[PDB]
Every structure is written in structure tokens, then in C-alpha cells.
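Starting off, we have a lone chain in the form deposited in one PDB entry, written out as C-alpha cells.
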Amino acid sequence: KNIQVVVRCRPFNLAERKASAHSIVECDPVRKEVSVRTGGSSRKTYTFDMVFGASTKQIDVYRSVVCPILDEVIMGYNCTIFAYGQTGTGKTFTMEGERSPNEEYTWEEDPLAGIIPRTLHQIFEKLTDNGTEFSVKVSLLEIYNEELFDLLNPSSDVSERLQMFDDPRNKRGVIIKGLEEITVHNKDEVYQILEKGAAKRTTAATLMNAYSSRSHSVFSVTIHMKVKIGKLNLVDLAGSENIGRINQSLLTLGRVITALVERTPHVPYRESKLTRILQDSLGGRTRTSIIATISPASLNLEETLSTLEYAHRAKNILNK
């Protein structure tokens, strides 16, 4: 029912003790509280479904948040996970992850691997000896300036925008004409698909201003089981400093959440590509979770509070 919201604070980064700044964030995992030093000894505290402190490692996030959700997907449910927060707090780090330096590990064992890679690898492990018969297909579409880009098409230039239509076989669904859905036959072909995505994104960046920060990345994985059909959408949202208290999809997401939370009969899903595509994840029939990433630096006070207030109110959304 209620959408689950969790907070994840990134740890300090070298140049983060330079420009004068102290950790104004205190996370308490057992009490599921995040406390912020707002004083200029005053503070604001918020309780979430889960709170992960700066020391939280990727494996901890997967085990605690992802595994449970993946089991749901394998059961035939639709699930979505959002990463929301200002640029620089770890949205991509959490959803995608990074490669450890000096080629110390292969992708499947990289402790810095994020949610997407771990999920893909685990699907094959969990569905290997049990019942059996299943197929996995992934797609990675990114939204920038209300235009859709396919980061997985090999036979197309990343700059070819995609067009979406309402799904005549739906009502709340849309069709993304030309979207590449790649079949992942086995764990051994997962990484190359990610590298391909990584490459096309690099190209998109040279073409579009502040691309990686303003873009909304939607990595979807659909599992056909033999029956049952489960879909997991992993969404790395545009930086929240892109709104506040330009980016039509971000603005609309916030308005959609506001409408859902106040119980207003009209929810503006159609006012943006992002909300039309993810309509069923917002007060729909999909199980939704939001991971609000924040910074410990006193310099990010304002954005951190904004993010916490935004995510906190989101816990009042009911999906089904």
C-alpha cells in the first residue's frame, strides 16, 4: 500500500573538509530517523521507513531494500524504485553504482556496483534451479527537456528522439515507439549492455547541456516467467535542485505527488513524459519505493531539508 521511503546520506568527499563544513546530519537506523542541524543547537528530525547513514555500503542497500522488492517482481508484481535528491548526493551511485579503481574486481563482484547491476545478476541466480523457464529484457530510456532518448539502441544514434503514444490496449499506459528492448540471455551478457548504455550517454552529454544532471533515467527490466510477468523500473531522477519548494517532468512529479497526498480527484499525470510513463507507480497498482539521497555538508543544508520534506510527504501515497 503506502509507498515506502528511505533516506541515504552520502559520506564526505576529500574536498569536503576544505570549504569549511561540518556534518549537520545524524542518521539513526534503529529509530529510522534523520536529524538535521538547522541552527544558525536547533534541528529538524524526520522518520522514514528506513534510514541509511553515510557508512551504508551498496550491498547493505541491496539486501535491505532491493532483495525484498525483487522477490515481489519475480512473483508477478510491477515494482518501481525512485532515487530523488540534489545533484551530487548519490542518486546515480545508488541506482547504478561505479567501478572500483585499478580493475580490482569484475562487475559482478564490484562492491561499488549499484542496484541495477546487482538486480540483473541476482535474477539469474534466483531463477536458476527452482521452477524454471524465464526471459529477461531490459530497456534504458532517458528523458531530457521532455524528449526521449534510447540509450540501448545499437542501430541508432543516441540523438534520435523517440515518440510516445497512449496505449490503445491500455488507458494509463503509453507506447514508446522504437524503444529497444534487449533480451538478456544470461548473466554473461549483462555488462556489455551496460557499457553500451554508458557509451551512448557519454555522447548525449556532448550534445546536451548539463545532461546527466537534468536527465531522468528509466532503466526497466521485464521478466517473463514460465507464467507470470514482472517488471521493475529503476528511476534515477533529474537533480532536485532542478525544482524548489525548466524541468517539466520534475515539476510534474512533484505536482502529481502533491495531488495524490491531498487526495485531489485530478492528478496531472499527463502534464509530463515522466509521469505519463510512470503513471502506475504513483498511486497506481505498482509497488513503489523512493530513495531520497542527501548530503552531510552544512553547505547543502537548504537542499537537504527540501529533499527530506519532499520525500517525507511522499510516504502518504497509497498504491495498490
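Only the largest set of C-alpha atoms that superpose within 1.5 Å between the two forms is called the rigid core. Note that residue numbering begins at 1 and tracks the sequence as displayed.
The following text describes the form deposited in another entry, which does not appear among the structures shown.
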Mobile residue between this form and the one not shown, C-alpha criterion 2 Å or more, rigid core, from 74, 136, 148, 208
208
Once the core is aligned, does residue 31 move its Cα by at least 2 Å between this form and the one not shown?
no
Do you see a C-alpha shift of 2 Å or more at residue 302 between this form and the one not shown, with the core held fixed?
no
Could you tell me whether the Cα atom of residue 264 shifts by at least 2 Å between this form and the one not shown after core superposition?
yes
Shift in CA distance, residue 204 and residue 177, in the other form relative to the form shown here, given it is 3 Å or more
farther
Since the Cα separation of residue 201 and residue 97 moves by 3 Å or more in the other form, tell me which way: closer or farther than here.
closer
